[PDB]
Structure formats: C-alpha cells, structure tokens
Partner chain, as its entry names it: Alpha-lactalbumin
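Here we start with a single chain on its own, the form solved without the partner chain, put down as structure tokens.
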C-alpha cells in the first residue's frame, strides 16, 4: 500500500481542544517568553499545522492604537488557542497613526486589504484587542454564514445585547466580505459601525452564524450600559456600495514583522 501521498485535511474539529480556559489579566506578559513557549509560530505571527492541511486560511485583524498591554494579553492567550484549532493563520495589528479620532471599521478594511498582499487568505477574523475567548471550542474561522464569535461577553452579563449585535469578534469569509463591499469607512467614533455591517450582511441575504453560547463566552480587559441597536438601515442600503472597500484610501507608514504579529501603521485620514 506504498506510494507518494498528500497530507490529509485537518479534521472537522480539532482533537487538541481543551475546552474551558481560565482567563486573567493581573500578571505581566513577556513576549519573548511567549514566543519561546510558542516556537512553531513563525515571524509575523504565522502558523499552520505540520501534519494536516487546514481549509481555514485565516487573517486575524486587530484594530489598534496605544493598547500595547492589552495586545500582550491577546497574544499570550490566543496563540496557543489558534494553534490548537489547527488554523493556517496570521496576526495583523492595524495601528492607526496620529492622534485624531479613532476609526475601528476603516482599520479593519485596511487589514483585509493588506493581509491579502501577504497571502491568499480566505477567511477574516476581526477582533478587538481586548476580547479573549474563554473556551477553545469557539472556532476562530469562517462558516456558511457570517460568524459572530464573541456572543456572550462578561461585560454584558454573558448575554447577547440584542439579536442583531455583531460587535467584538466576528469572522467573514473573503466571499462574504467582498459581497457587502467591506465595512463603512466613515464611522469616526459615531458608534454603530457594527450595526451598519449587520445591515449590509442582511441586505445581501446573509444571516448570522453563532457558536453555542456556553462555549462562546469571552472576557473583556477593563480599561480606564448594554449597547442598543442604532437605526440607519436606509442609510446602509443607500451607501454600502459606494462606501467600503471600493472607496478605501490610506497610506501605509510602517510595516513591522514581530515574532508574534505583523503591525501595519497606517494614516487613514481624518473625518471629511
């Protein structure tokens, strides 16, 4: 029964999962030690299983500005989890240059476009830097419908704020992201950019996929009021095809590959 053969696909669910994880933010983190403990993660925060081929080619995109301590917690907790999930992944921290109003959604678009320059990713996880999953059965990859990952956050009493809530951590396949023309680029702190994304998905006929809530629990790292759903549905229908990936503009000022992540510092302009 000999002969040259290809590596098998990785299994539907990884056999390496441990389930519940104790998440704490009260100790210091040293990235050199983290890299040493995660020796298989390559420069820029890249990893793929050695013994099987994952159909999950995932770019994990983190919107960022001055949250280095949270990032250190994110990297310390997520790298082991992502490897146990057997993903072919890369970590991208999209750092907003300057001191002007933060624009989360626009940095996420930047992440999608820049991660694609690196590799043919086919799934995109958009994750705030201060959310850590509490159970490794909460898969950080894409499904048949847009995936809402952080479904039961401790900050919201472990309950979904409203059925259309799509914030925190989500995953969209390349096909799913393209068909909604990405995310809006003009939410300069206004709030509700996640509701606009949800409206785009719905208008394109997509629904929300979610892990079972018991394994979808996440911890939020406190830093220096349950959200409510912002309207603007008509707005989204009016503007989604003209404001998004197609109209995205920015300047890349610095690209740094660190052992555990790639950081792209970009100038995304100011509110027009």
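Residue numbers count along the first chain shown, from 1. The term rigid core refers to the most C-alpha atoms you can superpose between the two forms while keeping them within 1.5 Å.
Where the structures in 5 other deposited structures of this protein are fitted on the rigid core, 187 to 195 is the one of 187 to 195 and 110 to 118 whose C-alphas sit farther from the shown form on average. Rigid core fits of the other structures in 5 other deposited structures of this protein place the C-alpha atoms of one stretch farther away on average; of 227 to 235 and 65 to 73, that stretch is 227 to 235. In the deposited sequence, the stretch from residue 224 to residue 225 hides 4 to 9 residues that have no coordinates. According to the PDB record, 21 to 29 carries the higher mean C-alpha B-factor of the two stretches 21 to 29 and 5 to 13.
The stretch 188 to 196 shows the higher mean C-alpha B-factor when 147 to 155 is compared against 188 to 196 in the entry.
Within the selection 46, 36, 56, 210, the deposited Cα B-factor values reach their highest point at 36. The maximum CA B-factor among the listed residues 136, 114, 88, 99, taken from the PDB record, is found at 99. The entry lists a Cα temperature factor for residue 204 that places it in the lowest third of the chain's modelled residues.
The deposited CA B-factor of residue 175 belongs to the middle third of values across its chain.
Ranked within its chain, residue 161 lands in the highest third, by CA B factor from the PDB record. Looking at the C-alpha B-factors along this chain, the one for residue 41 belongs to the middle third.
There is another form of this protein, the form solved in complex with the partner chain, and it is not shown here; the text below is about that form.
Proximity to the partner chain in the entry with it bound, taken as heavy atoms within 4.5 Å, picks out 161 to 169 from the listed stretches 102 to 110, 161 to 169, 72 to 80, 118 to 126. Screening 57, 46, 229, 67 for any heavy atom within 4.5 Å of the partner chain in the entry with it bound leaves a single hit, 229.
Among the residues 241, 234, 33, 52, the one placing a heavy atom within 4.5 Å of the partner chain in the entry with it bound is 234. Contact between residue 130 and the partner chain in the entry with it bound is not found at the 4.5 Å heavy atom cutoff. A residue is said to contact a partner when one of its heavy atoms sits within 4.5 Å of a partner heavy atom; residue 212 meets this definition for the partner chain in the entry with it bound. Although the partner is absent here, residue 21 lies within 4.5 Å of the partner chain in the entry with it bound, judged by heavy atoms. Using a 4.5 angstroms threshold between heavy atoms, residue 136 stays clear of the partner chain in the entry with it bound.
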